[PDB]
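Take a look at this single chain, the form deposited in one PDB entry, given in structure tokens.
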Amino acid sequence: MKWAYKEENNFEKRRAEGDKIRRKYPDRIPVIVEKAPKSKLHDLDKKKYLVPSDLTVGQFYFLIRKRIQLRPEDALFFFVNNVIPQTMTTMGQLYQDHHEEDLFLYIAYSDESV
């Protein structure tokens, strides 16, 4: 998978905003959300999210569902390093275990489970 946020912003600029957010906004998690390729869902205009660390993955599912006009009756899976996070996990625990060298957390969503 290729991320549009990396194709539009190099590491030096991504890292700079990451160091910036991590210092000035310590209780916030910089998350990059992008649709996985070969998926038939709606694409999100807003890719950069500044969610609080107390926010849970279940709550993040709800926020993303409202922006693609998807109902709970539809399939929606989050992937981080090809691993589906649990709903109880906080976005802060996701960041600590899964953030990249640019200090951003990358989440992909799809309608498939693979």
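One-based numbering along the sequence shown.
Below, we refer to the form solved in complex with a partner chain, which is not included among the displayed structures.
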| query | finding |
| --- | --- |
| Proximity to its partner chain in the entry with it bound, single hit among 88, 63, 75, 84 (heavy atom within 4.5 Å) | 63 |
| 94, 99 and 108 all contacting its partner chain in the entry with it bound, non-hydrogen atom within 4.5 Å | no |
| Any non-hydrogen atom of residue 28 within 4.5 angstroms of its partner chain in the entry with it bound | yes |
| Partner proximity in the entry with it bound: residue 21 to its partner chain, non-hydrogen atom cutoff 4.5 Å | yes |
| Contact label in the entry with it bound: residue 40 to its partner chain, heavy atom within 4.5 Å | no |
| Partner proximity in the entry with it bound: residue 58 to its partner chain, non-hydrogen atom cutoff 4.5 Å | no |
